[PDB]
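First comes the structure, then the notes that go with it.
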Amino acid sequence: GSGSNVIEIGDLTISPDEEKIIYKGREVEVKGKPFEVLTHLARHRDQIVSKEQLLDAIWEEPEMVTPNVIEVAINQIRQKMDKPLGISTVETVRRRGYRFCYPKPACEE
């Protein structure tokens, strides 16, 4: 019996309590601001989400959050994760907005 938080998305395991990320056996600790919106959406959205949907989904920041907070969280996080992990987390689509889907096999066309 252990008392901690542990969430997994597809093939990735990340913990909010310890704000740590585990991918392919690789552990990476992220202490960013957007890390919350991304993480939460990674275990709550784990799929295609809309810019507005996500904004209202977390809406952690005050009225000064602005709708741009989404793009800022994705860019910052991507560079603080997708960069060091050379992987893809959130895919910006002109359809809905942003889709959170952590791959694994990394098999492209």
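Chain identifiers are assigned as A, B, and so on, following the order in which chains appear in the structure tokens; residues are numbered from 1 within each chain, and ligands are numbered from 1 in order of appearance.
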
Enumerate the residues of stretch 4-101 of chain A with a DSSP assignment of helix (DSSP H, G or I), computed from the backbone, and present them as a PyMOL selection string. chain A and resi 35-44+51-58+63-65+69-80

Sorted by chain and rising residue number, which residues of stretch 44-77 of chain A lie within 10 Å of stretch 88-104 of chain A, and what are their closest atom pairs and distances in Å to one decimal, counting only C-alpha atoms, as a tab-separated table?
```
residue	atom	partner	partner_atom	distance
A:44	CA	A:100	CA	9.7
A:45	CA	A:100	CA	6.8
A:46	CA	A:100	CA	5.2
A:47	CA	A:100	CA	4.9
A:48	CA	A:99	CA	3.8
A:49	CA	A:99	CA	5.3
A:50	CA	A:96	CA	4.6
A:51	CA	A:97	CA	5.1
A:52	CA	A:97	CA	8.4
A:53	CA	A:97	CA	9.2
A:54	CA	A:98	CA	8.6
A:70	CA	A:98	CA	8.7
A:71	CA	A:92	CA	8.7
A:74	CA	A:90	CA	6.8
A:75	CA	A:90	CA	9.3
A:77	CA	A:89	CA	9.1
```

Taking the DSSP assignment computed from this structure's backbone, write out as number ranges by chain all residues of stretch 7-90 of chain A that belong to strand (DSSP E). A: 7-9, 12-15, 20-23, 26-29, 48-50, 90

Quick one: residues within 12 Å of residue A:34, only C-alpha atoms counted, chain neighbours fewer than 6 positions away excluded, as an MDAnalysis selection string? chainID A and resid 19 40:42 54:55 58:61 65 69:81

Please indicate the distance in Å from atom CA of residue A:38 to atom CA of residue A:105, rounded to one decimal place.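 About the pair atom CA of residue A:38 and atom CA of residue A:105: they are 21.4 Å apart.
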
Residue A:22 surroundings by only C-alpha atoms, 7 Å radius, close-in-sequence under 6 positions cut, as a list in words: residues 12, 13, 14 and 28 of chain A

Counting only C-alpha atoms, which of A:82, A:108, A:4, A:36 gets nearest to residue A:23? A:82

Mind giving me the straight-line distance from atom CA of residue A:21 to atom CA of residue A:67 in Å, one decimal? 26.4 Å

So what do you get for atom CA of residue A:18 versus atom CA of residue A:2, distance-wise? 14.0 Å
